[PDB]
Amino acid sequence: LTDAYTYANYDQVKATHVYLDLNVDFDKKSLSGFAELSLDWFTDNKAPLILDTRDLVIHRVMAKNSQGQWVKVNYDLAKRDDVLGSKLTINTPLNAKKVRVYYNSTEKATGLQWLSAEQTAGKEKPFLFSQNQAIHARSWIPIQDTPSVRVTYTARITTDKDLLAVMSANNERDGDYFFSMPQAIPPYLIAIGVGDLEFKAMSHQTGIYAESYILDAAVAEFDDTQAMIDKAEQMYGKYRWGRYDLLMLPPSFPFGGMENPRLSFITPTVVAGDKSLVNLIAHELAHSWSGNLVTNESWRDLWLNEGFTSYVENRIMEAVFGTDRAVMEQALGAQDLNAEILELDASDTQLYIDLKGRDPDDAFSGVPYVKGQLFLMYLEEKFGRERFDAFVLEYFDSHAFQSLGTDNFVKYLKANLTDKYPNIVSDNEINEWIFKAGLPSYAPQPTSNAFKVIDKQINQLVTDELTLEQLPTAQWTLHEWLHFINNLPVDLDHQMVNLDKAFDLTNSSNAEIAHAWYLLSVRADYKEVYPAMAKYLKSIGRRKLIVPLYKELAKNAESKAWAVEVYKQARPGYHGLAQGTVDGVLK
């Protein structure tokens, strides 16, 4: 029961399957039908089935008694929590083997985005998609929303004729689809998308679903993913899910992607045209092992997820693209970790983070990913890949479709590494790594030559105050451009213009570029890139591409006001998960 946030008494009862009978109503913006949990009881004496819910409407609850008869049981729907929602206590027959809840979700459901046909690319049909991480599955599924509880699911979804349903299971149009996931997964991984979707594959087990405009552009961009999976299997074990597809969501998607088994939800912001932001997909394919195959039991073990997924993400990048692309990305990333540790509370920089009773979304940083990566990179360098990678492979094989907590990871990390090959790493470096704030100083600090030739170059003194701009720009990769803009000095102000007029980083195609540019601009007061930044902020709603922009922007009361004026235009359209965040950084 290492886990607040769940009213679910997963102590005595545990659901092993979920049959969903739902109807997708776009006018009422609600899914309505029923959830049929199949349970496994541990205690011989009577106990209630406690389930998590949110802005769910309950019609009736049934359970199967000692004689398989669907009898009506009664429930209590507790007062709504601000973060956990309303606890549903259903009074179930001693050992009820099943329970059927009849409900609907409401449009205020926090785990679902209802996009009007106009907020879509087709402009003709609306679009729906889920995001159930961390604790939003309950907003449209009465269940034990806990990463500690894994269930298989089958689901009968009803939609309109001329709309397609997708989920994180096997899809065998008409408007009557039924999906099946025979693989036990925690709820945050139950996902659904409905819209005017088209499908093209790329390989034998990889394809894409999208709105046509981005379809072929997307298939041209991730046609490497098959490679990700073959190189990834080589070192990490088999891809136990069968198929791996990509679901491009509309520009409104708040994140960069969700690792929904068999169907990763990807932001359109990565279809750049040059394959530069592709580590995102290598990153979502990494979850297949960390955070999907083996999942954190609570949200304080969230690093066992992002950490390892970030580490494996890079490896897959080295294997298919080469270690120079690979460490060019570890550096670029470690620079932000350092920047975040600085703006962060010296309590959140810990790996086994304390949530303090916060929202699993509020309490969220880059820490567990990069610091959890440097951590495993530390054990790599310490033991070697042979030994480290054999261990990591067993680690995934041994926890196949299981849950794990920080304390136990340690027990295993010791019994299978740190103690297997003794006297290399001490339990002080282990404890220090996962429990203490900031970085250990002896923490790997990936360094990229190419980057660092640039470092030397950024030294064109006061400005064209040694060297012209006849640098190797015409050879600069996306990575090499973010490093330039990134450690370029914040004292260029206007001084800045050669830069934009020569390379035009303002109207820069790649979004990452546009980002780092406006970030630096507003910092140095390059006040010139405010209009382009406006459309940018109004257009895209990915958090990690507007959030930090709204932060720096909202730190000069005169500037912080320009924010509210635009955030009042871009506000509608953003995903709730984003609005929420920007709503706080904008006072």
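Throughout, we count residues from 1 along the sequence that is shown.
The modelled chain breaks between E172 and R173, where 4 to 9 residues of the deposited sequence lack coordinates. In the deposited entry, the stretch joining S398 to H399 is continuous, with no residue of the deposited sequence left without coordinates. Remark: stretch with higher mean C-alpha B factor among 554 to 562 and 65 to 73 is 554 to 562.
Look at the mean CA B-factor for 349 to 357 and for 473 to 481 in the entry; the higher one is 473 to 481. When the C-alpha B factors of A331, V312, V462, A415 are read from the deposited coordinates, the top value falls at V462. Comparing the C-alpha B-factors of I546, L39, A47, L31 in the entry, the top value falls on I546.
In the PDB entry, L1 places in the middle third of its chain by CA B-factor. Placement of the Cα temperature factor of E118 within the chain: highest third of the modelled residues, per the deposited record.
Among the modelled residues of its chain, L492 has a C-alpha B-factor that falls in the highest third, as given in the PDB entry. Per the PDB record, residue ranking by Cα B-factor puts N510 in the highest third of the chain. When the CA B factors of the chain's modelled residues are split into thirds, the value for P142 lands in the lowest one.
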